Amino acid sequence: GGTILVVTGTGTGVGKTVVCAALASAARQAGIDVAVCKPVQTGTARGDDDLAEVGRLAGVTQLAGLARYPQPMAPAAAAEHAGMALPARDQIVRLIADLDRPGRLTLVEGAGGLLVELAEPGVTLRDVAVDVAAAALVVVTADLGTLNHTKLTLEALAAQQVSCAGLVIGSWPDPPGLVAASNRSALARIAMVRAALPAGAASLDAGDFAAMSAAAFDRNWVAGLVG
Amino acid sequence: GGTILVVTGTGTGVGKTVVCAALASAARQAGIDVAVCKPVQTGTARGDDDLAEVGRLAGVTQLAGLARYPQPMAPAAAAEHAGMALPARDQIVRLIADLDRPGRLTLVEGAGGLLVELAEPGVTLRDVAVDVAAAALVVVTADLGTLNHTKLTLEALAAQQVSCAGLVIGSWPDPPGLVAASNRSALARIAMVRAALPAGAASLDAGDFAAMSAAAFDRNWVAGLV
Ligand SMILES: Nc1ccn([C@@H]2O[C@H](CO)[C@@H](O)[C@H]2O)c(=O)n1
Ligand SMILES: Nc1ccn([C@@H]2O[C@H](CO)[C@@H](O)[C@H]2O)c(=O)n1
């Protein structure tokens, strides 16, 4: 196989989807074949489609979905509101292992945070990480409360021996406020900050995003994810 | 001695102080002696003092604290920006133990969420709850994301064998709304929801607040605390 990464966040609305796109765009630019997998998508009735947005920002075509639910809610609630069932654990692992292949970076974007339920009963992105043996890239904010949320997410990763690939501040303000600046420093003492994506990165066009992505991440880290 | 309950939140700005006040009010109105200890406070530049807020809302007089930083940041960063260290783990645990006496519900209010640095060296509210054999009451929101944050926090509690005294929804919105209605049922499926506090209860005078507080909590669970 290749390298599988679950992209998770300390919370909802932290920029996971554009981090996903950024690392995909940066990894394409290092000659790495990228597949992006969103096994559970909610809010489709409101237009939400994270796989689609990764294609528009990162130019990725190897996009893999599975479950889509209309209501913008936690997957368990969005499914029930629509009379549909959650997928099974093995249906999600199968979707991932099928995309996997050597020399490929496969990105698995979660639904909201790490312990959100994606399959019955209480199956989470973290259990999926264990099954496909993936490390976890954690997307964070620079805002107040980030440290507690980051530390909680990291502790939950370690408790199942899932590897932390590092953090990404999903939306970085220019100029940084005082709060944002201390949080960025405090976050680096917690773990490695692989990138800090500029706010508004999702309104960039194809070339601007690709440029942004190549500068956001350390080339050597990106290249070292696939061997 | 008595009962020591730590009150923590899944995050900042979730109504943790109001919940502290409301539980203190409800407990007093069952004839329980209540103290509230908030070791570290921040944000006292932009007009704060959560202990004063508890005193005004709940009428508690045993209000104990050790440190206050003006910056609206987590302790460690407010302390760092201040040029002045956080209290020692010793100071906090000894103060909580000094407060704790028979018949008394001593509430311990954290600074932010469960796992931020509270004392030296790198001690958290979780370490404090362990040292004083305190259960933890977790304040949660009803908004999208609460279920993740609440599992994360309950997992962090169980990991160190800190008992969980239940959850409290800090701000119940009016009208509820689609996700909040769902989360309430979902939250009730992870842990006992001791109360959901109406939004805006901070602006209430003392008589209204105490009436809201008596209504909010199950009178028999409040009394069984002590
Ligand atoms: N670096 C970032 C991060 C996020 N966003 C936008 O903000 C929302 C998620 O944070 C989403 O609406 C996303 O498009 C952005 O534009 N740039
Ligand atoms: N049930 C609640 C909970 C919170 N609040 C107010 O909202 C602010 C943010 O937590 C709090 O500081 C407090 O002013 C409220 O009014 N009623």
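We count ligands from 1, going down the list as the structure has it; atoms in each ligand are counted the same way. Proteins come first, then strands; the chains are lettered A, B, ... in the order of their sequence lines, and each starts at number 1. Basis for what follows: all heavy atoms, side chains included, without hydrogens, waters or symmetry-related copies.
- Annotation for ligand 1: atoms under 4.0 Å from non-hydrogen atoms of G200(A) are 15 (C), 16 (O), 17 (N).
- Inter-residue side-chain proximity for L197(B) and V19(B) is flagged as met; some heavy-atom pair is nearer than 4.5 Å.
- There is a protein heavy atom less than 4.0 angstrom from atom 2 (C) of ligand 1.
- For the residue pair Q71(A)/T42(A), the side-chain donor-acceptor check at 3.5 Å is not satisfied.
- The nearest protein heavy atom to atom 14 (O) of ligand 1 is closer than 4.0 Å.
- At least one donor-acceptor pair closer than 3.5 Å links the side chain of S213(A) to the backbone N or O of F209(A).
- There is a side-chain donor-acceptor pair under 3.5 Å between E109(A) and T17(A).
- Atom 17 (N) of ligand 1 has its closest protein heavy atom at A201(A) N, 3.2 Å.
- Salt-bridge check for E155(B) with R126(A): passed, with a basic side-chain N closer than 4.0 Å to an acidic carboxylate O.
- Side-chain contact of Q41(A) with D48(A): a donor-acceptor pair under 3.5 Å is absent, judged by distance alone.
- Checked by atom type and distance alone, the side chain of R68(A) never pairs as donor or acceptor with a backbone atom of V40(A) at under 3.5 Å.
- When only interatomic distances are considered, the shortest N/O to N/O separation between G170(B) and ligand 2 falls below 3.5 Å.
- Ligand 1 has no atom lying under 4.0 Å from any heavy atom of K16(A).
- Counting protein heavy atoms under 4.0 angstrom from atom 7 (O) of ligand 1 gives zero.
- For atom 9 (C) of ligand 2, the closest non-hydrogen atom of the protein is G13(B) O, 4.2 Å.
- Not a single heavy atom of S203(B) lies less than 4.0 angstrom from ligand 2.
- Put simply, the side chain of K16(B) gets close to the backbone of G110(B): a donor and an acceptor are under 3.5 Å apart.
- Residue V18(B) has no nitrogen or oxygen atom sitting less than 3.5 Å from a nitrogen or oxygen atom of ligand 2, judged on distance alone.
- Atoms of ligand 1 lying under 4.0 Å from any heavy atom of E53(A), numbered from 1 in the order shown and given with element: 14 (O).
- Between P198(A) and ligand 1, a contact under 3.5 Å exists for at least one N or O pair.
- Considering backbone and side-chain N/O atoms, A199(A) never comes within less than 3.5 Å of an N/O atom of ligand 1.
- In this structure, atom 11 (C) of ligand 1 has no protein heavy-atom contact shorter than 4.0 Å.
- With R104(B) contributing its side chain and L99(B) its backbone, the two residues share a donor-acceptor pair below 3.5 Å.
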